[PDB]
Structure formats: C-alpha cells, structure tokens
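Q: Sharing a structure with you now.
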Amino acid sequence: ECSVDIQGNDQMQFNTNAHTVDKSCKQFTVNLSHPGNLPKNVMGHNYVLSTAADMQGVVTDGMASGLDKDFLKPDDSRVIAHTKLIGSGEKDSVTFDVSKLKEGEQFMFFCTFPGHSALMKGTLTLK
Ligand SMILES: [Cu+2]
C-alpha cells in the first residue's frame, strides 16, 4: 500500500490526476511508464513532485535547464522527488522517504517537458 503506477502518453496526458500516500508508509514508490511510440526528444515525460505553490517555479526553471538535464534546474531544493525523463517503451521508478512530505503541506506532481505541465499535473495527498 505504498506505491502507484502512472503512465504518460503520446497525447500529453497522465492516466491519473490524483493519488494518495498513506501516512504510515515510510517510503513510497512511483512507477512511471511511457507506453507510447514517440521518443523522449519530442514527447518525454517525468514525474516531478513539489509543494503545490512550488510547482510553477520548478517548471519555469526546469524548462529553461535543457533536455540533457531532464528539464530540471540543478540543485533545485523545491523538488521533493522525481523520476527520470522517459520516452516511448521506457519506464522509471522513484522511491522516496515519506518524511519529505509534511502533513501540513499540499503537493502536486507534474511533467516539466516544455508545454506539458498544464496538461500533465495532479495532486498527491498524504492521508
Ligand atoms: Cu511530459
């Protein structure tokens, strides 16, 4: 009860816009996959986690940081956890410590590829 599977597709969609993390999990695992046909250079996706209020800046700086940095600013302390940027036929998992989430905050997940974040975003709720 401490993982979730998510897909990103060739139509710039995740197949969820919300998941939970139970507060009794010590670690939580996100398993991202790209079952499309377009490569990462034109339709790459990542799962990037931050507070809801930090998502905009993570995205802005990330899009400006280069494909070769997976569209994340180096040493961006607002990023709680993330997967790699993946393309067709690839998958990547991230396991993180739930202690990184505070029960007082609200959290969102998103993709930082150029143009994808307003389409590819969702809520993570710690319950
Ligand atoms: Cu994307």
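Ordered as shown in the structure tokens, chains take letters A, B, and onward, while each chain numbers its residues from 1 and ligands are numbered from 1 in the order shown.
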List all protein, DNA and RNA residues that have any atom at most 10 Å from ligand 1, counting only C-alpha atoms and all ligand atoms, and write the list as a ChimeraX atom specification.

A: /A:8-14,34,40,42-47,85-87,110-121

Q: Counting only C-alpha atoms, which residues of stretch 24-105 of chain A fall within 12 Å of stretch 2-6 of chain A, and what is the closest atom pair for each with its distance in Å at one decimal, ordered by chain and rising number, as a tab-separated table?

A:
residue	atom	partner	partner_atom	distance
A:24	CA	A:2	CA	8.9
A:25	CA	A:2	CA	5.9
A:26	CA	A:2	CA	8.3
A:27	CA	A:2	CA	6.9
A:28	CA	A:2	CA	4.9
A:29	CA	A:3	CA	4.5
A:30	CA	A:4	CA	5.2
A:31	CA	A:5	CA	4.7
A:32	CA	A:6	CA	4.9
A:33	CA	A:6	CA	6.5
A:34	CA	A:6	CA	8.9
A:35	CA	A:6	CA	10.5
A:45	CA	A:6	CA	11.0
A:46	CA	A:6	CA	10.4
A:47	CA	A:6	CA	8.8
A:83	CA	A:6	CA	11.2
A:91	CA	A:6	CA	9.8
A:92	CA	A:6	CA	10.2
A:93	CA	A:5	CA	9.0
A:94	CA	A:3	CA	9.7
A:95	CA	A:3	CA	8.6
A:96	CA	A:2	CA	10.4
A:97	CA	A:2	CA	10.8
A:98	CA	A:2	CA	9.8

Q: Residues of the last selection are to be written out with C-alpha atoms, as a short mmCIF file (atom, residue, chain, number, x, y, z; two decimals), in the first residue's frame.

A:
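The resulting selection.cif:
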data_model
loop_
_atom_site.label_atom_id
_atom_site.label_comp_id
_atom_site.auth_asym_id
_atom_site.auth_seq_id
_atom_site.Cartn_x
_atom_site.Cartn_y
_atom_site.Cartn_z
CA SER A 24 2.05 5.05 7.72
CA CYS A 25 4.26 4.44 4.67
CA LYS A 26 7.86 5.04 5.43
CA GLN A 27 8.82 5.03 1.76
CA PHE A 28 6.57 5.48 -1.29
CA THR A 29 7.28 4.30 -4.83
CA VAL A 30 6.03 5.87 -8.11
CA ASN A 31 6.40 3.58 -11.15
CA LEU A 32 6.21 5.72 -14.32
CA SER A 33 5.93 4.24 -17.80
CA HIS A 34 5.61 5.56 -21.36
CA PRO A 35 3.64 3.03 -23.39
CA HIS A 45 7.69 12.68 -19.58
CA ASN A 46 8.78 12.83 -15.98
CA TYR A 47 7.01 12.65 -12.69
CA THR A 83 11.70 10.11 -11.92
CA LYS A 91 9.91 3.16 -17.52
CA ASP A 92 11.46 4.57 -14.37
CA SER A 93 10.64 4.26 -10.66
CA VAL A 94 11.37 6.61 -7.78
CA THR A 95 11.22 5.57 -4.11
CA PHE A 96 11.32 8.42 -1.59
CA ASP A 97 11.05 8.89 2.14
CA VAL A 98 7.61 9.95 3.22
#

Q: Out of A:7, A:50, A:77, A:15, which residue has the shortest atom-to-atom distance to residue A:108 when counting only C-alpha atoms?

A: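 Checking each candidate against residue A:108, we get A:50 as the closest.
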
Q: Go through A:58, A:49, A:64, A:21 one by one, measure the shortest atom-to-atom distance of each to residue A:122 using only C-alpha atoms, and give the residue with the smallest value.

A: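 The answer is A:49, which sits nearest to residue A:122.
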
Q: How far is it from atom CA of residue A:101 to atom CA of residue A:70, in Å with one decimal?

A: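 Distance reported for this atom pair: 22.9 Å.
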
Q: Compile the contact shell of residue A:53 as a list in words: residues with an atom at most 12 Å away, counting only C-alpha atoms, same-chain residues fewer than 6 positions apart removed.

A: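 Final neighbour list, sorted by chain and number: residues 59, 78, 79, 105, 106, 107, 108, 109 and 123 of chain A.
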
Q: Give me a file of those residues, with C-alpha atoms, as a PDB file, in the first residue's frame.

A:
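To be explicit, this is the file written out as out-v6.pdb:
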ATOM      1  CA  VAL A  59       8.529  24.161 -14.163  1.00  0.00           C
ATOM      2  CA  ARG A  78      11.962  22.520  -4.190  1.00  0.00           C
ATOM      3  CA  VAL A  79      11.893  19.083  -5.907  1.00  0.00           C
ATOM      4  CA  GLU A 105       1.520  20.936   3.119  1.00  0.00           C
ATOM      5  CA  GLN A 106      -0.212  20.313  -0.227  1.00  0.00           C
ATOM      6  CA  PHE A 107       1.624  18.620  -3.033  1.00  0.00           C
ATOM      7  CA  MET A 108       1.420  18.301  -6.792  1.00  0.00           C
ATOM      8  CA  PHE A 109       3.065  16.027  -9.312  1.00  0.00           C
ATOM      9  CA  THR A 123      -2.389  16.141  -6.653  1.00  0.00           C
TER      10      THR A 123
END

Q: Chain A: which residues are helix (DSSP H, G or I) by DSSP, as a PyMOL selection string?

A: chain A and resi 40-43+52-63+67-69+98-100

Q: Between A:36, A:102, A:1, A:127, single out the one closest to residue A:89, counting only C-alpha atoms.

A: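 Ranking A:36, A:102, A:1, A:127 by distance to residue A:89, first place goes to A:36.
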
Q: Please indicate the distance in Å from atom CA of residue A:61 to atom CA of residue A:103, rounded to one decimal place.

A: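 Distance between the two atoms: 26.5 Å.
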
Q: Quick one: pick out all strand (DSSP E or B) residues within stretch 4-100 of chain A from a backbone DSSP run and write them as a PyMOL selection string.

A: chain A and resi 4-8+14+18-21+27-33+45+48-51+81-82+86+91-97

Q: Just write the chosen residues, N, CA and C atoms, as an mmCIF file, in the first residue's frame.

A:
data_model
loop_
_atom_site.group_PDB
_atom_site.id
_atom_site.type_symbol
_atom_site.label_atom_id
_atom_site.label_comp_id
_atom_site.auth_asym_id
_atom_site.auth_seq_id
_atom_site.Cartn_x
_atom_site.Cartn_y
_atom_site.Cartn_z
ATOM 1 N N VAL A 4 2.330 3.440 -6.469
ATOM 2 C CA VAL A 4 1.349 3.772 -7.509
ATOM 3 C C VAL A 4 2.047 3.663 -8.839
ATOM 4 N N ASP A 5 1.288 3.183 -9.798
ATOM 5 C CA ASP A 5 1.723 3.086 -11.207
ATOM 6 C C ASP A 5 1.092 4.179 -12.022
ATOM 7 N N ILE A 6 1.846 4.918 -12.780
ATOM 8 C CA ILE A 6 1.358 6.006 -13.587
ATOM 9 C C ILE A 6 1.933 5.866 -14.990
ATOM 10 N N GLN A 7 1.150 6.253 -15.996
ATOM 11 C CA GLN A 7 1.563 6.321 -17.401
ATOM 12 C C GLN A 7 1.495 7.746 -17.929
ATOM 13 N N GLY A 8 2.418 8.061 -18.823
ATOM 14 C CA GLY A 8 2.320 9.238 -19.678
ATOM 15 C C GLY A 8 2.235 8.796 -21.124
ATOM 16 N N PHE A 14 -1.127 12.290 -18.440
ATOM 17 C CA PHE A 14 -1.008 11.209 -17.447
ATOM 18 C C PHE A 14 -2.307 10.446 -17.348
ATOM 19 N N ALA A 18 -4.615 12.271 -9.667
ATOM 20 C CA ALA A 18 -4.552 12.320 -8.206
ATOM 21 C C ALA A 18 -4.177 10.976 -7.650
ATOM 22 N N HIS A 19 -3.298 10.964 -6.671
ATOM 23 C CA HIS A 19 -3.111 9.747 -5.906
ATOM 24 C C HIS A 19 -2.830 10.149 -4.449
ATOM 25 N N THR A 20 -2.867 9.133 -3.621
ATOM 26 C CA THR A 20 -2.646 9.284 -2.185
ATOM 27 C C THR A 20 -1.320 8.674 -1.815
ATOM 28 N N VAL A 21 -0.850 9.029 -0.649
ATOM 29 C CA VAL A 21 0.228 8.371 0.118
ATOM 30 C C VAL A 21 -0.328 8.177 1.529
ATOM 31 N N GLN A 27 8.343 4.647 3.134
ATOM 32 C CA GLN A 27 8.820 5.029 1.765
ATOM 33 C C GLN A 27 7.584 4.925 0.869
ATOM 34 N N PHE A 28 7.651 5.584 -0.283
ATOM 35 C CA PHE A 28 6.573 5.483 -1.285
ATOM 36 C C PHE A 28 7.260 5.401 -2.647
ATOM 37 N N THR A 29 6.708 4.551 -3.481
ATOM 38 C CA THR A 29 7.276 4.298 -4.825
ATOM 39 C C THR A 29 6.313 4.720 -5.919
ATOM 40 N N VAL A 30 6.809 5.503 -6.886
ATOM 41 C CA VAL A 30 6.027 5.866 -8.107
ATOM 42 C C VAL A 30 6.666 5.129 -9.274
ATOM 43 N N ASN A 31 5.899 4.330 -9.970
ATOM 44 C CA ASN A 31 6.400 3.577 -11.147
ATOM 45 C C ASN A 31 5.831 4.241 -12.384
ATOM 46 N N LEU A 32 6.623 5.029 -13.098
ATOM 47 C CA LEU A 32 6.207 5.723 -14.319
ATOM 48 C C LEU A 32 6.561 4.929 -15.522
ATOM 49 N N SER A 33 5.644 4.869 -16.503
ATOM 50 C CA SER A 33 5.929 4.238 -17.800
ATOM 51 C C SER A 33 5.378 5.071 -18.933
ATOM 52 N N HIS A 45 8.436 12.419 -20.825
ATOM 53 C CA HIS A 45 7.692 12.680 -19.583
ATOM 54 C C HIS A 45 8.476 12.356 -18.322
ATOM 55 N N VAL A 48 7.484 14.658 -11.420
ATOM 56 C CA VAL A 48 8.214 15.559 -10.557
ATOM 57 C C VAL A 48 7.257 16.014 -9.448
ATOM 58 N N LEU A 49 7.703 15.906 -8.215
ATOM 59 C CA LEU A 49 6.905 16.205 -7.034
ATOM 60 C C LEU A 49 7.403 17.412 -6.314
ATOM 61 N N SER A 50 6.505 18.350 -5.979
ATOM 62 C CA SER A 50 6.854 19.531 -5.180
ATOM 63 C C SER A 50 5.642 19.948 -4.359
ATOM 64 N N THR A 51 5.774 20.945 -3.521
ATOM 65 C CA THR A 51 4.547 21.598 -2.957
ATOM 66 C C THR A 51 3.771 22.224 -4.094
ATOM 67 N N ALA A 81 10.894 14.783 -5.001
ATOM 68 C CA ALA A 81 11.268 13.527 -5.598
ATOM 69 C C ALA A 81 11.006 13.626 -7.066
ATOM 70 N N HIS A 82 11.612 12.784 -7.885
ATOM 71 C CA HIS A 82 11.246 12.758 -9.303
ATOM 72 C C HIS A 82 11.738 11.506 -9.930
ATOM 73 N N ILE A 86 11.474 10.072 -19.498
ATOM 74 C CA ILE A 86 11.430 8.847 -20.287
ATOM 75 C C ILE A 86 10.652 9.088 -21.594
ATOM 76 N N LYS A 91 10.550 3.070 -18.835
ATOM 77 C CA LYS A 91 9.915 3.159 -17.519
ATOM 78 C C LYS A 91 10.976 3.599 -16.530
ATOM 79 N N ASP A 92 10.518 4.187 -15.430
ATOM 80 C CA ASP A 92 11.463 4.566 -14.367
ATOM 81 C C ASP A 92 10.669 4.643 -13.089
ATOM 82 N N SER A 93 11.246 4.186 -11.988
ATOM 83 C CA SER A 93 10.640 4.263 -10.656
ATOM 84 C C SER A 93 11.404 5.157 -9.724
ATOM 85 N N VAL A 94 10.721 5.841 -8.863
ATOM 86 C CA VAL A 94 11.372 6.606 -7.781
ATOM 87 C C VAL A 94 10.754 6.162 -6.457
ATOM 88 N N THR A 95 11.630 5.853 -5.488
ATOM 89 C CA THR A 95 11.215 5.567 -4.114
ATOM 90 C C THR A 95 11.737 6.639 -3.258
ATOM 91 N N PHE A 96 10.935 7.312 -2.427
ATOM 92 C CA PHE A 96 11.320 8.423 -1.589
ATOM 93 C C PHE A 96 10.785 8.224 -0.181
ATOM 94 N N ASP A 97 11.434 8.974 0.717
ATOM 95 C CA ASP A 97 11.052 8.892 2.139
ATOM 96 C C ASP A 97 9.849 9.765 2.371
#
